[PDB]
$ cat structure02.cif   # mmCIF, C-alpha atoms
data_coords
loop_
_atom_site.group_PDB
_atom_site.id
_atom_site.type_symbol
_atom_site.label_atom_id
_atom_site.label_comp_id
_atom_site.auth_asym_id
_atom_site.auth_seq_id
_atom_site.Cartn_x
_atom_site.Cartn_y
_atom_site.Cartn_z
ATOM 1 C CA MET A 1 -24.153 7.782 -57.905
ATOM 2 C CA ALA A 2 -21.395 5.220 -57.404
ATOM 3 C CA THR A 3 -21.347 1.426 -57.893
ATOM 4 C CA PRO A 4 -22.706 0.067 -61.195
ATOM 5 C CA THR A 5 -26.363 0.471 -60.157
ATOM 6 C CA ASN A 6 -27.404 -3.094 -59.325
ATOM 7 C CA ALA A 7 -23.988 -3.989 -57.897
ATOM 8 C CA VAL A 8 -23.763 -6.402 -54.979
ATOM 9 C CA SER A 9 -22.032 -4.285 -52.332
ATOM 10 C CA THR A 10 -21.502 -4.364 -48.564
ATOM 11 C CA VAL A 11 -24.796 -2.507 -48.066
ATOM 12 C CA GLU A 12 -26.919 -5.353 -49.447
ATOM 13 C CA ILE A 13 -24.999 -8.214 -47.802
ATOM 14 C CA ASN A 14 -26.789 -9.726 -44.809
ATOM 15 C CA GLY A 15 -25.212 -11.856 -42.125
ATOM 16 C CA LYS A 16 -21.867 -10.055 -42.040
ATOM 17 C CA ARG A 17 -20.015 -11.279 -38.965
ATOM 18 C CA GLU A 18 -18.655 -8.630 -36.625
ATOM 19 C CA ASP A 19 -14.981 -8.570 -35.624
ATOM 20 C CA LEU A 20 -14.526 -7.979 -31.892
ATOM 21 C CA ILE A 21 -11.078 -8.836 -30.561
ATOM 22 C CA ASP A 22 -10.756 -10.932 -27.404
ATOM 23 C CA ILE A 23 -8.402 -8.530 -25.577
ATOM 24 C CA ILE A 24 -9.314 -5.781 -23.103
ATOM 25 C CA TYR A 25 -6.636 -3.112 -22.690
ATOM 26 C CA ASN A 26 -6.249 -2.147 -19.023
ATOM 27 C CA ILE A 27 -3.061 -0.439 -17.847
ATOM 28 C CA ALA A 28 -4.258 1.197 -14.638
ATOM 29 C CA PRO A 29 -1.639 0.835 -11.877
ATOM 30 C CA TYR A 30 -2.531 -0.751 -8.553
ATOM 31 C CA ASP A 31 0.766 -0.874 -6.650
ATOM 32 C CA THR A 32 1.030 0.017 -2.950
ATOM 33 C CA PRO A 33 4.691 0.741 -2.146
ATOM 34 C CA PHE A 34 4.271 2.011 1.423
ATOM 35 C CA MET A 35 2.028 -0.888 2.447
ATOM 36 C CA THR A 36 4.490 -3.336 0.890
ATOM 37 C CA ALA A 37 7.501 -1.786 2.636
ATOM 38 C CA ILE A 38 6.216 -1.780 6.228
ATOM 39 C CA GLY A 39 5.756 -4.866 8.388
ATOM 40 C CA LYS A 40 2.714 -6.964 9.257
ATOM 41 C CA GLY A 41 1.186 -7.770 12.615
ATOM 42 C CA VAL A 42 -1.836 -9.050 14.493
ATOM 43 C CA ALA A 43 -4.294 -7.060 16.605
ATOM 44 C CA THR A 44 -6.605 -8.708 19.139
ATOM 45 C CA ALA A 45 -8.708 -5.723 20.261
ATOM 46 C CA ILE A 46 -10.262 -2.476 19.079
ATOM 47 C CA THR A 47 -7.440 -0.557 20.791
ATOM 48 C CA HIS A 48 -3.807 -1.461 20.073
ATOM 49 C CA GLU A 49 -1.127 -0.251 22.495
ATOM 50 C CA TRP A 50 2.669 -0.223 22.698
ATOM 51 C CA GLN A 51 5.502 1.364 24.681
ATOM 52 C CA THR A 52 8.538 3.592 24.138
ATOM 53 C CA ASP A 53 11.554 4.446 26.287
ATOM 54 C CA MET B 1 -28.042 4.069 13.877
ATOM 55 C CA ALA B 2 -26.583 2.204 10.886
ATOM 56 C CA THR B 3 -26.550 -1.001 12.949
ATOM 57 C CA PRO B 4 -29.240 -3.667 13.411
ATOM 58 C CA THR B 5 -31.516 -2.622 16.259
ATOM 59 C CA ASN B 6 -31.043 -5.732 18.409
ATOM 60 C CA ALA B 7 -27.423 -6.424 17.529
ATOM 61 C CA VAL B 8 -24.664 -7.430 19.931
ATOM 62 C CA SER B 9 -21.651 -5.290 19.014
ATOM 63 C CA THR B 10 -18.368 -4.291 20.628
ATOM 64 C CA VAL B 11 -20.021 -1.115 21.944
ATOM 65 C CA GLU B 12 -22.311 -2.810 24.474
ATOM 66 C CA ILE B 13 -20.292 -5.886 25.475
ATOM 67 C CA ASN B 14 -17.978 -5.847 28.486
ATOM 68 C CA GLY B 15 -14.878 -7.694 29.605
ATOM 69 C CA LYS B 16 -12.787 -7.124 26.485
ATOM 70 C CA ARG B 17 -9.137 -7.937 27.113
ATOM 71 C CA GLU B 18 -6.562 -5.254 26.391
ATOM 72 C CA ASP B 19 -4.062 -5.618 23.537
ATOM 73 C CA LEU B 20 -0.592 -4.644 24.776
ATOM 74 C CA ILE B 21 2.408 -5.943 22.853
ATOM 75 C CA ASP B 22 5.430 -7.414 24.634
ATOM 76 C CA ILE B 23 8.036 -5.167 22.966
ATOM 77 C CA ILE B 24 9.594 -1.918 24.194
ATOM 78 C CA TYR B 25 11.151 0.253 21.486
ATOM 79 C CA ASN B 26 14.312 2.049 22.629
ATOM 80 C CA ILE B 27 16.690 3.605 20.104
ATOM 81 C CA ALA B 28 18.674 5.950 22.334
ATOM 82 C CA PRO B 29 22.384 5.934 21.410
ATOM 83 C CA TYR B 30 25.061 5.078 23.954
ATOM 84 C CA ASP B 31 28.317 5.001 21.980
ATOM 85 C CA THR B 32 31.556 6.483 23.346
ATOM 86 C CA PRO B 33 33.904 7.560 20.530
ATOM 87 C CA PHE B 34 36.636 9.194 22.624
ATOM 88 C CA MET B 35 36.733 6.308 25.111
ATOM 89 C CA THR B 36 37.129 3.799 22.278
ATOM 90 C CA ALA B 37 39.771 5.873 20.477
ATOM 91 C CA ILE B 38 42.246 6.422 23.329
ATOM 92 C CA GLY B 39 44.341 3.768 25.054
ATOM 93 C CA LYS B 40 43.685 1.833 28.251
ATOM 94 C CA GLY B 41 45.920 1.270 31.255
ATOM 95 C CA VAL B 42 46.302 0.436 34.944
ATOM 96 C CA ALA B 43 46.874 2.874 37.807
ATOM 97 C CA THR B 44 48.154 1.613 41.160
ATOM 98 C CA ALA B 45 47.812 4.735 43.330
ATOM 99 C CA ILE B 46 45.611 7.743 44.009
ATOM 100 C CA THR B 47 48.003 10.048 42.126
ATOM 101 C CA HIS B 48 49.294 9.170 38.651
ATOM 102 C CA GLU B 49 52.545 10.811 37.547
ATOM 103 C CA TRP B 50 54.581 11.067 34.350
ATOM 104 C CA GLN B 51 57.361 13.149 32.808
ATOM 105 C CA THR B 52 57.876 15.392 29.786
ATOM 106 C CA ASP B 53 60.941 16.987 28.217
#

$ encode --input "structure02.cif" --output "structure tokens"
Amino acid sequence: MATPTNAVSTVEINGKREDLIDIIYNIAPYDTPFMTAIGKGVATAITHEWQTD
Amino acid sequence: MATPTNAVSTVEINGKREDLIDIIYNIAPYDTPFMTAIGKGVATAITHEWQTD
């Protein structure tokens, strides 16, 4: 009903390139405060032992 | 049974050395406020005497 009958419109065009941006939006947090706060150490066995007084 | 059938794992081996750290954690307090606050002096006898008025 629209377009002057035999009008060259976006429907008839072939080879229209798509537009996909090269950015992926990810904002999920992955911080580990407790693990960052505490210290590091080495274990040499399945069971790890220490002492208190 | 989620292990290879003929697999040498920590379950069946023997002679594993223990893992005992070389630190002893003691946090008991031993401060003496009243001793630090008051003065110090020398007594030269069994009985110490002074005067008031």

$ resolve_selection --input "structure02.cif" --expression "the PyMOL selection byres ((chain B) within 10 of (chain A))" --output "MDAnalysis selection string"
chainID B and resid 10 16:28

$ calpha_fit_rmsd --input "structure02.cif" --fixed "chain B" --moving "chain A"
1.5 Å

$ atom_distance --input "structure02.cif" --atom1 "CA of residue 14 in chain B" --atom2 "CA of residue 2 in chain B"
21.2 Å

$ axis_aligned_box --input "structure02.cif" --around "range 10-22 of chain B" --padding-each-side "5 Å" --output "lines of an AutoDock Vina configuration file"
center_x = -8.4
center_y = -4.5
center_z = 25.1
size_x = 37.7
size_y = 16.8
size_z = 19.0

$ decode --input "structure02.cif" --residues "chain A" --atoms "C-alpha atoms" --output "tab-separated table (two decimals), in the first residue's frame"
chain	number	residue	atom	x	y	z
A	1	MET	CA	0.00	0.00	0.00
A	2	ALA	CA	3.04	2.19	0.64
A	3	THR	CA	6.09	2.98	-1.54
A	4	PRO	CA	5.43	4.06	-5.14
A	5	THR	CA	4.76	0.50	-6.36
A	6	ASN	CA	7.98	-0.39	-8.19
A	7	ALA	CA	10.16	1.55	-5.74
A	8	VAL	CA	13.63	0.26	-4.91
A	9	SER	CA	13.41	-0.22	-1.14
A	10	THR	CA	15.33	-2.06	1.58
A	11	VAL	CA	13.24	-5.19	0.94
A	12	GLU	CA	14.58	-5.68	-2.59
A	13	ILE	CA	18.22	-4.81	-1.83
A	14	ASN	CA	20.51	-7.85	-1.66
A	15	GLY	CA	23.93	-7.96	-0.06
A	16	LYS	CA	23.15	-5.59	2.80
A	17	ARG	CA	26.03	-5.83	5.26
A	18	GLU	CA	25.13	-6.49	8.88
A	19	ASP	CA	26.35	-4.20	11.67
A	20	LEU	CA	27.66	-6.16	14.66
A	21	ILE	CA	29.77	-4.13	17.08
A	22	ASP	CA	33.09	-5.53	18.28
A	23	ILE	CA	32.39	-5.06	22.02
A	24	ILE	CA	30.96	-7.60	24.47
A	25	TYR	CA	29.45	-6.06	27.60
A	26	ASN	CA	30.39	-8.08	30.69
A	27	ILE	CA	30.17	-6.48	34.13
A	28	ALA	CA	29.98	-9.56	36.35
A	29	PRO	CA	32.14	-9.11	39.47
A	30	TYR	CA	34.84	-11.62	40.34
A	31	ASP	CA	36.54	-10.15	43.41
A	32	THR	CA	37.54	-12.28	46.42
A	33	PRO	CA	38.10	-9.96	49.40
A	34	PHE	CA	38.56	-12.59	52.11
A	35	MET	CA	41.03	-14.63	50.06
A	36	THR	CA	42.96	-11.45	49.24
A	37	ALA	CA	43.09	-10.32	52.87
A	38	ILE	CA	44.46	-13.49	54.48
A	39	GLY	CA	48.01	-14.78	54.09
A	40	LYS	CA	49.54	-17.45	51.88
A	41	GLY	CA	51.45	-20.58	52.79
A	42	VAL	CA	52.75	-23.94	51.64
A	43	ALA	CA	51.47	-27.40	52.60
A	44	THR	CA	53.55	-30.55	52.11
A	45	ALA	CA	51.04	-33.24	53.11
A	46	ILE	CA	47.36	-34.15	53.06
A	47	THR	CA	47.12	-33.19	56.75
A	48	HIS	CA	48.36	-29.78	57.92
A	49	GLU	CA	49.03	-29.27	61.63
A	50	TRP	CA	49.93	-26.40	63.96
A	51	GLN	CA	50.10	-25.55	67.66
A	52	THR	CA	48.60	-23.10	70.15
A	53	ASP	CA	49.52	-22.11	73.71
